[PDB]
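Protein chains in written order, with the deposited numbering: chain E, 301 to 400; chain A, 1 to 500; chain Q, 1 to 215; chain M, 1 to 215; chain B, 1 to 74; chain R, 1 to 218.
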Amino acid sequence: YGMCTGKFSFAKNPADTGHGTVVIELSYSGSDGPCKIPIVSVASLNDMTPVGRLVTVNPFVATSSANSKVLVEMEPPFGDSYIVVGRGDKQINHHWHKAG
Amino acid sequence: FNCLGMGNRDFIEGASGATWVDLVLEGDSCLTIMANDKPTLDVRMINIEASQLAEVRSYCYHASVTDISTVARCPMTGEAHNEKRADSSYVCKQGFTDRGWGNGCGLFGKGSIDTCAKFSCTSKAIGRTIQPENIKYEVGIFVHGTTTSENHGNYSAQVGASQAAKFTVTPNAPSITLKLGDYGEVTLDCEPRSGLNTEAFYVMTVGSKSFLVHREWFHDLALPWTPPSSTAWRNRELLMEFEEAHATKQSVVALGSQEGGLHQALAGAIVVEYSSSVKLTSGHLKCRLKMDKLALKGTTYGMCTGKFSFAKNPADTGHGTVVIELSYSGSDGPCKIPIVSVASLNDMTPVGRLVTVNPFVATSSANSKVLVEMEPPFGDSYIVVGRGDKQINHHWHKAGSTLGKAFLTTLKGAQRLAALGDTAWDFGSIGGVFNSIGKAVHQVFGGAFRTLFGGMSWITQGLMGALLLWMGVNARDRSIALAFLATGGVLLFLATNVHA
Amino acid sequence: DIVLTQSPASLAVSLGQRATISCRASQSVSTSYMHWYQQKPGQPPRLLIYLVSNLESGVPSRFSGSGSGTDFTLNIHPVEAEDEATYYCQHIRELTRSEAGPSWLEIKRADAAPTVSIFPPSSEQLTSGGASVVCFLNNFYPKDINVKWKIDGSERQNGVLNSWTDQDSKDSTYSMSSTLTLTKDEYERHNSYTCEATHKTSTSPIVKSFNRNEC
Amino acid sequence: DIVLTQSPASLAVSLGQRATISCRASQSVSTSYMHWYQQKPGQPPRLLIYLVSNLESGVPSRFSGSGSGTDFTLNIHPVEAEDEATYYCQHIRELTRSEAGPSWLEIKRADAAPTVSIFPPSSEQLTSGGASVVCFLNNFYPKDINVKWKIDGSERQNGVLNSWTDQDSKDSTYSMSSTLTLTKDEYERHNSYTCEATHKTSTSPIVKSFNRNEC
Amino acid sequence: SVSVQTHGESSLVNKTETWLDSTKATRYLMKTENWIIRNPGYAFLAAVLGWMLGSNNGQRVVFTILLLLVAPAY
Amino acid sequence: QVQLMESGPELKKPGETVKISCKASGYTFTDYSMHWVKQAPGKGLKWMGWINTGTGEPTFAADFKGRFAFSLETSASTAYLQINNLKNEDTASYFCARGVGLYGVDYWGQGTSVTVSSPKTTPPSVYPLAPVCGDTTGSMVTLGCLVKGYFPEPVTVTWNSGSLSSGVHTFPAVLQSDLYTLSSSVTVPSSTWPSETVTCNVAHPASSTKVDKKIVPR
């Protein structure tokens with residue numbers, strides 16, 4: 301599957317598990333599903349570099365359903381970073397923390 | 001939103017090297033951004049707003065004794081039985097009345113009483129917690145173009161002038177691109193997770209008013225308190241008292257309203273106004289401007305051909321730069337206003353720089369008032385506005401002579417250090433080398449030392465200075481300086497920084 | 001747990017008159033953060049005063065909330081026919097959030113007696129074996145009224161079904177229905193069926209009856 | 001603090017039969033220290049069993065106390081006409097001392113219908129302006145009975161006073177008085193006066209009635 | 001009690017006017033001085049104790065003024 | 001304009017599950033506590049609880065704890081009260097209320113009344129109620145319409161196709177064995193009855209039964 305082509309949305313705001321990593325459920329407006337979810341762990345929006353690692357690797361919208369809510373977790377890095385979900389206009393993002 | 005007449009108005013100096021720049025922006029100060037190829041931007045938080053709050057618990061700060069009942073028992077009758085112990089609303093107290101034959105008992109010297117006074121709360125108060133999501137940040141952002149007294153102050157016009165913007169960043173929306181119209185667009189990239197610690201404190205409602213209270217300290221309040229919802233309390237006794245037992249008679253008194261002491265308990269606590277939400281007047285936030293799409297109109301326009309006239313007269317906003325509003329007679333507008341900052345008309349060369357770059361007449365309106373500020377240098381000066389005959393100057397003076405700038409900023413450095421902790425090295429924005437490790441040096445340094453023995457308030461750490469200096473007075477060389485570390489700075493500084 | 005009680009329960013008033021609606025905070029000092037919510041019948045509530053001290057935008061300055069922290073008042077110095085409504089006061093200082101038992105705005109008027117009409121069960125109904133004796137007590141102000149169903153001189157409170165209008169949009173009276181529903185057997189085993197209506201306009205019940213033996 | 005219940009509430013028995021009377025300690029384990037008490041009506045109760053397991057001196061061996069500490073039983077294997085009594089059991093392990101809801105020994109017999117006689121107010125009472133319709137229901141077994149006063153077909157439960165004998169020493173039945181007290185005006189504003197009584201001997205009310213219009 | 005163990009200082013962000021701010025200026029010294037000016041009989045007897053003990057001169061003075069604050073409000 | 005819009009009034013049965021919608025409009029959904037307030041049919045406003053709009057985190061009054069599910073759809077800005085194990089107590093008008101928070105709730109859902117009960121849609125028994133000697137009041141013969149034993153409400157009771165408005169008092173239908181009876185009364189002059197037909201025209205859209213009964217002299 302290629303990149304999911306459309307705007308994500310946070311079905312739940314990122315909540316650290318308390319175990320060091322952070323999951324988000326994503327209501328994803330793209331009906332482009334089934335598709336590979338674009339998303340990453342980014343330090344600053346000026347850099348698309350993945351910084352943390354993906355807890356749930358290959359985030360995948362299961363079906364053509366638009367606004368399908370998809371629970372996906374990755375690891376935030378130390379200190380401050382973002383999570384860019386998608387890309388460009390289609391990237392939402394959240395600035396969520398790991399103090400570790 | 002703008003920096004106009006802002007008590008704390010501080011000027012962001014464009015070094016280029018990036019169109020993006022990191023900033024610490026706050027509701028107190030309007031950061032004014034001068035940059036090459038960019039007009040003069042303004043950045044200030046309007047306020048900090050946590051939209052929606054949750055109740056951590058409730059406290060009863062003034063209580064009411066009701067229905068005092070004392071169930072007496074004879075000597076050796078032991079534990080006194082009063083059924084009201086089945087009701088928590090009743091506070092029950094065991095005890096005794098030492099008896100004679102005169103009072104109720106065939107034996108002398110002892111007794112038993114169970115004193116149940118129904119508790120109720122005269123007056124209760126509440127703390128509340130912030131969810132970092134509900135936190136907003138209202139950042140008035142402006143850029144200095146052609147302006148007047150009003151339009152620059154009144155936000156309605158600089159919307160239309162596209163020179164100002166107001167917006168909200170959340171941990172959900174940490175970055176915002178914002179469009180400048182004729183000047184294009186800019187972008188802020190914030191840390192709304194990090195602008196506070198949402199859980200560093202509580203919002204404590206005392207009276208109609210609410211207050212920031214350390215959520216550690218908030219538990220430390222010893223007082224009748226409440227399940228955040230509803231009813232069953234702890235230490236509801238401690239606003240009530242007990243008396244002697246004279247015969248069966250012992251009474252319970254609800255202490256005078258401690259609300260005054262609540263306020264007294266609130267010293268560093270911050271006024272916080274609930275509206276639909278708290279509005280936190282104290283800003284702390286790190287955003288990132290991006291200047292790329294910020295443009296310059298006026299690079300097309302040529303010299304304004306008509307008479308400069310002061311609508312306002314040369315004056316300093318307090319920050320070291322002179323603002324004037326110029327009624328511009330010529331109708332050649334829209335036109336590029338010729339102006340410079342000069343010392344003496346013996347030379348036509350500028351000396352200072354433009355606060356507001358691209359002095360410009362907005363429209364063809366004759367006598368058009370144009371509010372523009374520039375930077376005079378130290379000492380006296382004039383201001384040459386335009387060349388040739390049409391130029392009106394005005395003699396100016398700025399007494400800040402250069403040395404003091406190097407002093408104040410230096411001494412401001414330690415003032416920039418304290419209370420900003422590790423983020424004091426964020427004034428090293430676009431850092432590296434020193435400022436890279438400079439925070440990292442202070443990182444565990446600030447996270448240790450001052451905070452480890454922290455809880456020191458004024459003379460507590462303020463008197464430590466000569467005490468720790470005196471141990472440096474009598475000590476060993478290479479020990480003295482090592483014993484001098486905790487003494488000066490981080491201790492004396494903040495203890496001297498408070499003078500007053 | 002904090003209680004509010006809003007007095008009166010209703011006030012019959014002239015429109016333009018000042019009818020002030022009291023409220024009180026049973027607990028703490030609620031301070032600010034009490035309100036006034038107008039809800040007319042069949043409506044979502046409509047918030048009037050906020051912090052107990054401040055109008056909402058839509059609600060005109062005729063509404064005035066007042067009182068501080070243990071005690072409160074909702075005033076409308078010009079109460080209106082448009083102000084005819086059910087008003088609430090809501091302590092916000094704490095969760096839980098609750099609402100005081102309201103005060104109503106009734107428009108005071110001349111006191112009117114119920115027009116009382118006792119219809120025996122329709123022959124249509126009697127053919128069904130059920131018998132409902134309907135007594136329509138109509139156009140009475142105020143709403144203060146009572147129905148008494150008397151049967152063979154022995155007053156029956158059973159099978160009685162009451163339905164009454166509200167303050168009646170034209171005359172601002174009230175109209176009432178008293179329905180005595182009997183089995184046609186006991187409807188036929190007893191004869192005099194008497195609904196008598198006592199009303200503040202009448203020192204006595206307004207007696208409307210039929211003995212089935214009559215016509 | 002500790003509660004007891006003693007079952008049955010009463011037991012109709014053949015004398016000589018074994019009727020064991022239960023008791024139980026709601027709280028703790030009372031262990032020892034429950035005690036059986038026979039109270040014949042109008043007496044200070046006579047203590048039967050001590051430690052709930054041990055006869056007193058004056059009580060005969062027919063009484064058997066039994067049960068342990070959460071539960072207890074008063075057994076009379078030959079229950080008697082003398083054993084007719086109100087029986088108690090008392091946890092003593094803890095002050096407060098209390099008792100179980102008692103157990104009566106009734107002597108069982110054949111079921112007898114009430115002898116039901118409805119006396120209108122005598123002229124002596126009718127001359128007084130008060131009117132009491134008195135219905136004596138005599139010699140019914142069991143005691144289980146219900147009296148009703150019907151007036152003009154509309155049952156009146158008002159002015160109704162009931163006084164009944166106990167198990168009637170010879171026939172061991174129960175006799176009752178039903179009384180319908182009326183104001184002579186209401187006594188004479190209504191006519192049919194009926195004491196109907198449903199008693200276990202009859203599937204129907206035993207109806208004794210008069211109308212003032214009758215004699 | 002409620003007047004004691006104050007939140008002050010909050011010092012979280014907070015470049016602003018705190019709820020009760022100018023209150024903190026005189027808290028430590030004055031009400032302790034008020035007690036010790038109310039008790040000059042105490043003031044002098046507590047002072048000489050410093051020059052008694054430690055015999056190092058300048059350190060002898062240190063014990064006093066703090067003790068002179070300590071006995072006020074324990 | 002900020003407007004709280006909800007689901008429609010719904011007939012339900014005991015033991016069922018209802019979820020009442022509340023859709024936010026005219027404001028940023030996230031920023032304001034969404035509240036729920038029970039108005040029982042006879043009772044005043046009894047505040048059900050609030051769900052945190054930022055977190056989606058519900059908070060219930062001790063009463064409303066555990067039977068009731070607050071849920072927030074985020075993107076389309078809809079709030080929900082889902083009542084589980086529907087009970088005849090769950091019959092009531094329910095209101096979502098937007099928090100101005102410590103200033104309480106500013107606005108309200110347009111209202112949603114749940115009716116939880118067993119009964120089935122039933123036609124009314126419409127009885128022309130004629131006046132007798134005493135029921136003729138002055139020149140006016142008061143007349144009546146007994147609309148009897150229908151579920152659910154409403155019936156539309158008009159009089160000669162509603163051409164009698166004024167003398168009409170249509171009295172409230174109330175529950176009888178989970179069926180409704182209203183006795184509606186027109187007051188018409190004895191000049192117009194039974195000289196002019198007085199026919200109470202009773203339409204019950206639920207049962208789809210329009211029943212027209214002329215009141216005729218007894």
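By construction, the Cβ of each residue, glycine as well, lies at the ideal position given by its N, Cα and C atoms.
How big is the Cα-Cα spacing for residue i and residue j?
i	j	result
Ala-173(A)	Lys-24(B)	39 Å
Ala-40(R)	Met-45(A)	46 Å
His-77(M)	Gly-69(M)	22 Å
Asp-111(M)	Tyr-127(R)	53 Å
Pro-142(M)	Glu-106(M)	10 Å
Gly-14(A)	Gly-447(A)	32 Å
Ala-76(R)	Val-134(Q)	52 Å
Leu-48(Q)	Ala-54(A)	25 Å
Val-114(R)	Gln-131(A)	33 Å
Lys-120(R)	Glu-16(R)	15 Å
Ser-210(A)	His-35(Q)	18 Å
Can you give me the Cβ contacts of residue i inside the same chain, cut-off strictly under 6 Å, excluding the 5 residues immediately before and after it?
i	result
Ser-331(A)	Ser-364, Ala-366
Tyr-88(Q)	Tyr-37, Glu-99, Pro-102
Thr-356(E)	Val-372, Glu-373
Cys-74(A)	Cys-105
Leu-41(A)	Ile-33, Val-143
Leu-280(A)	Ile-48
residue 238(M)	No answer is possible for residue 238(M): it lies beyond the span of chain M, which begins at 1 and ends at 215.
Less than 7 Å between C-beta atoms, sequence neighbours within five positions excluded: which residues of the same chain meet that for residue i?
i	result
residue 220(R)	Chain R is shown only over 1 to 218; residue 220(R) falls outside these bounds and no answer can be derived.
residue 503(A)	This structure leaves residue 503(A) out entirely; chain A is present only between 1 and 500.
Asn-82(A)	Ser-69, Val-71, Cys-92, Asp-114, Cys-116
Consult DSSP for residue i and reduce its assignment to one of helix, strand or coil.
i	result
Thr-181(Q)	strand
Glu-138(A)	strand
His-219(A)	helix
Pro-40(B)	helix
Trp-51(B)	helix
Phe-201(A)	coil
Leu-25(A)	coil
For the ligand GDP, any of its heavy atoms closer than 7 Å to the Cβ of residue i?
i	result
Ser-172(Q)	The ligand GDP is absent from the structure shown, which contains no ligand whatsoever.
Using a Cβ-Cβ cut-off of 8 Å (strictly less than) and excluding sequence neighbours within five positions of residue i, which residues of its own chain qualify?
i	result
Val-342(E)	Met-348, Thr-349, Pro-350, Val-351, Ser-381, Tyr-382, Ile-383, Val-384, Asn-393
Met-140(R)	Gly-167, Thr-187, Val-188, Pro-189, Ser-190
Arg-288(A)	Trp-20, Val-21, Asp-22, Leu-23, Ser-175, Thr-187, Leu-188, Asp-189, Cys-190
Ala-9(Q)	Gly-101, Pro-102, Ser-103, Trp-104
Could you tell me which residues DSSP pairs with residue i in its beta bridges?
i	result
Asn-211(Q)	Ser-192(Q)
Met-6(A)	According to DSSP, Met-6(A) bridges with nothing at all.
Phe-151(R)	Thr-122(R)
Segments assigned beta strand (DSSP E), at least 3 residues, entirely inside the segment 90-123 of chain M = 103-107, 115-119
What are the complete beta strand (DSSP E) segments, minimum 3 residues, inside the segment 24-54 of chain Q?
-> 37-39
Can you list, in chain order, the stretches of the beta strand (DSSP E) that have 3 or more residues and sit fully within the segment 130-205 of chain M?
-> 130-140, 145-151, 160-164, 174-183, 192-199
Which parts of the segment 419-472 of chain A are runs of the beta strand (DSSP E), unbroken and 3 residues or longer, counting only runs that do not cross its ends?
-> none
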